[PDB]
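Undergrad: sequence first, structure after, both from an experimental entry:
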Amino acid sequence: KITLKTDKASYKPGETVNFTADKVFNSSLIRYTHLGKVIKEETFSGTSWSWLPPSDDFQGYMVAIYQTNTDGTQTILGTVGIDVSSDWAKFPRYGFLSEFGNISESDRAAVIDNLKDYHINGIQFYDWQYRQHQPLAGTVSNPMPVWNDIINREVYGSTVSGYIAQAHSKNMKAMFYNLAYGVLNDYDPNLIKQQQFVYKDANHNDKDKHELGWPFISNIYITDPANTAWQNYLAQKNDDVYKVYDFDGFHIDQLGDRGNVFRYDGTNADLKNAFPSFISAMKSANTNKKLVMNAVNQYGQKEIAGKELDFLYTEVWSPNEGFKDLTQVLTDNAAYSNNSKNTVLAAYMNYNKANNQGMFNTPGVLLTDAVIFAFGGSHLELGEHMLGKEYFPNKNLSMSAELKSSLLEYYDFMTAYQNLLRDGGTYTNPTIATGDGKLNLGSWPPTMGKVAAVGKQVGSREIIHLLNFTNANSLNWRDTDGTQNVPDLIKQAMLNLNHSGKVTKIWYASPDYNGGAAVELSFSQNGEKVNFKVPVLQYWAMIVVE
Ligand SMILES: OC[C@H]1O[C@H](OC[C@H]2O[C@H](OC[C@H]3O[C@H](O)[C@H](O)[C@@H](O)[C@@H]3O)[C@H](O)[C@@H](O)[C@@H]2O)[C@H](O)[C@@H](O)[C@@H]1O
Ligand code: NA
Ligand code: NA
Ligand code: NA
């Protein structure tokens, strides 16, 4: 087998792809595919080589290397997915960074190169900032080169600048985290007045706040995002950030529904209705900078989904704990946006387990990504480590080597097949059955102890996703205690599909098999009944009928 990488996370139209393999195998071939069709083949020779993809924008490809056997069988050696996109917003693959102290350039490069290998196309820099009310440490004319952050940890400006430049070299976007409305207790009371805060009562008595303990320097006080004094103040803060640090945009966070809260004047703050004017103010102030905003458990999503955001973002909490609740967020977000935006989910796996050091439960993580990706979602989960908590610097849980390598196939798969997964089409009811009893099918939402079939019409293709819950001991996506089961492999499983058109080609791809390379399947057809066999199902397989 081989490791197979490209130089960048994504490629603009017209840019050349440069590949690296760790070793060459003889009698081998490189196969370039678009949606399962071979568009180029060439001999596997040099360990470095280049390819200029087709010029078409927003297209995914797979590249697969195979050794050819004398008998005409082929053996997959490795695969890599490629994304040709002029901009990340269509197919976001969001990652994070969380440590910005005295980290060497070489260590920084390793972190970025790893994210690059997962094809991460933008990075949320979390808790880089000086203060929620003043994200730039120092002033534009006199920056602070080192600052202490909200947990009194050192942050080096040179680390921040370095990371941005490294991310840019891989074609990634860099988004700075801040709240929409946060103020820490060292704010300058000459600049943020009492009239701007949100209060827990109608008489401007007790400020609303996010309570923090050690090691945080302050609780987080809350301002009104519709307050134009706050909007102009934070706009200036943002401009100051962008003059010092070459961030591409602002990742806007929030605290979610604050309940019973008031403006200074005793009126209702109704914060979800404040976010739209806030977003438009931030955009107008820095018209060339990107925005994304977290709808914390969908709070604000309806109100903001039509605003100037690159894509939608949902942090998923109770009671949205079932697999079907993930898919409901994705469906709701498409509708809220009038089909203008795809979604990234922040959906923290193994959350209770992550209360102590340990490792992620591989099958939990993979099953959740299979569901998210199959339904055209994306998952913010990778940075220096994988997320177990909303506090991104928490690195309690490690990924096993197996999880790292499996997840690289899943990211390859959702990159290569992005045109099938989140580029139009209609969800449909499957008309497929087992033809040998080796598996038992359900549909969506999923049944425990069955393979779920999900259908989608995309162009002249009919897609079936098989998502395997045969061995599931829960339909809760979070796998909070790390108990979800590894699914047993199902092999050479016959399926009978009803299909009312003439079938030309059926092909299979799975991140669990052959690196997600497309496998054309033999089929027969008798009336509307189409019979074929899939090689392997473990977590997720995709069947495409053309
Ligand atoms: O030991 C307690 C707790 O410690 C970690 O979590 C810390 C802390 O994380 C979140 O709060 C910090 C976060 O607040 C706002 O969002 C700011 O805007 C951010 O800058 C800032 O990072 C969380 O909301 C808190 O409740 C939590 O205390 C661990 O990760 C926890 O598991 C652990 O219980
Ligand atoms: Na691969
Ligand atoms: Na880091
Ligand atoms: Na938040």
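TA: Right, received. Where do you want to start? Numbering: from 1, shown residues only. Ligands and ions are numbered 1, 2, ... in the order given.
Undergrad: can you point out the buried residues in stretch 465-482?
TA: Under the neighbour-count criterion of 16 or more other CB atoms under 10 Å, stretch 465-482 has 465-470, 472, 474-480, 482 buried. Yep, even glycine has a C-beta here, placed from its N, CA and C like the rest.
Undergrad: and of those residues, the nearest to residue 397?
TA: Closest approach to residue 397 among the buried residues of stretch 465-482 (CB to CB): residue 482, at 8.6 Å.
Undergrad: would you check that residue 485 makes contact with residue 471?
TA: Yes. Counting by CB atoms under 8 Å, residue 471 is a contact partner of residue 485 at 4.4 Å.
Undergrad: give me the common contacts of those two.
TA: Here residue 485 and residue 471 have no joint contacts, going by CB atoms under 8 Å, 6 or more residues apart in numbering.
Undergrad: run through the residues of the stretch 351-500 of the chain sitting next to ligand 1.
TA: Within the stretch 351-500 of the chain, the positions adjacent to ligand 1 are 355, 389, 390, 391, 394 by CB under 6 Å from any ligand atom.
Undergrad: list the residues that contact the last one.
TA: Looking back up the chat, that one is residue 394. 354, 387, 388.
Undergrad: for the residues you listed, which one is nearest ligand 3?
TA: Nearest to ligand 3 among the contacts of residue 394, counting by CB to the ion, is residue 387 at 13.9 Å.
Undergrad: is the closest one in contact with residue 345, as I believe?
TA: No. With contact defined as CB under 8 Å, residue 387 does not reach residue 345; the gap is 11.1 Å.
Undergrad: and these two? Which one has more around it.
TA: Per other CB atoms under 10 Å, whichever of residue 387 and residue 345 has more neighbours is residue 387, with 28 against 23.
Undergrad: any idea how far that one is from residue 483?
TA: Between residue 387 and residue 483 the computed distance is 19 Å (CB to CB, to the nearest Å).
Undergrad: show me the residues around residue 94 that make contact.
TA: Neighbouring residues of residue 94 by CB under 8 Å, 6+ apart: 120, 121, 122, 123, 124, 292, 313, 344, 378, 380.
Undergrad: give the contact list for the fourth one.
TA: Put plainly, it is residue 123. Residues near residue 123 by CB under 8 Å, 6+ apart: 94, 95, 96, 97, 115, 163, 167, 172, 173, 174, 175, 383.
Undergrad: which of these ranks first by neighbour count?
TA: The most crowded member of the contacts of residue 123, judged by other CB under 10 Å, is residue 167 (29 neighbours).
Undergrad: coming back round to it: just the closest of the contacts of residue 123 to residue 50, please.
TA: When the contacts of residue 123 are compared for distance to residue 50 (CB to CB), residue 172 comes out closest, at 20.4 Å.
Undergrad: just the ones of the contacts of residue 94 in strands?
TA: 122, 123, 124, 292, 313, 344, 378 (DSSP state E).
Undergrad: ok, back up a step: may I see the contacts of residue 394 arranged in JSON lines, with distance to residue 4 and secondary structure as well?
TA: Shown next, in JSON lines, are the contacts of residue 394 (distance: CB to CB, whole Å; DSSP: H, G, I helix; E, B strand; the rest coil):
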{"residue": "354", "distance to residue 4": "32", "secondary structure": "helix"}
{"residue": "387", "distance to residue 4": "26", "secondary structure": "coil"}
{"residue": "388", "distance to residue 4": "29", "secondary structure": "coil"}
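Undergrad: about what we covered before: so which of the buried residues of stretch 465-482 are in strands?
TA: Counting by DSSP E, the buried residues of stretch 465-482 place 465, 466, 467, 468 in strands.
Undergrad: beta partners of the first one?
TA: Going by DSSP bridges, residue 465 is paired in beta bridges with residue 454, residue 542.
Undergrad: was I right about it contacting residue 542?
TA: Yes. Under the criterion of CB under 8 Å, residue 465 makes contact with residue 542 at 5.6 Å.
Undergrad: shared neighbours, these two?
TA: Common neighbours of residue 465 and residue 542 (CB under 8 Å, 6+ apart) are residue 374.
Undergrad: from this protein, which residue is nearest to ligand 2?
TA: Proximity to ligand 2, evaluated over the chain using CB to the ion, is greatest for residue 79 at 3.6 Å.
Undergrad: can you tell me the centre-most residue of this protein?
TA: residue 379 (3.1 Å; CA atoms, centre = their mean).
Undergrad: shouldn't it be in contact with residue 369?
TA: Yes. Applying CB under 8 Å, one finds residue 379 in contact with residue 369, separated by 5.8 Å.
Undergrad: how about the nearest residue to the residue of the chain most remote from its centre, chain neighbours excluded?
TA: Computed with CA atoms, centre = their mean, the residue of the chain farthest from its C-alpha average is residue 203, at 42.4 Å. If the residues on either side of it in the chain are set aside, residue 203 comes closest to residue 266, at 6.3 Å by CB to CB, 6 or more residues apart in numbering.
Undergrad: list the residues that contact the one you found.
TA: Residues near residue 266 by CB under 8 Å, 6+ apart: 202, 203, 204.
Undergrad: gap between it and residue 204?
TA: 7 Å.
Undergrad: skip the chain neighbours and tell me the closest residue to residue 231.
TA: Nearest non-adjacent residue to residue 231, counting by CB to CB, 6+ apart: residue 281, 4.1 Å away.
Undergrad: repeat that for residue 47.
TA: Going by CB to CB, 6+ apart, residue 47 has residue 21 as its nearest residue, at 5.2 Å.
Undergrad: residue 310 contacts residue 90, correct?
TA: No. Using CB under 8 Å, residue 310 makes no contact with residue 90, being 9.3 Å away.
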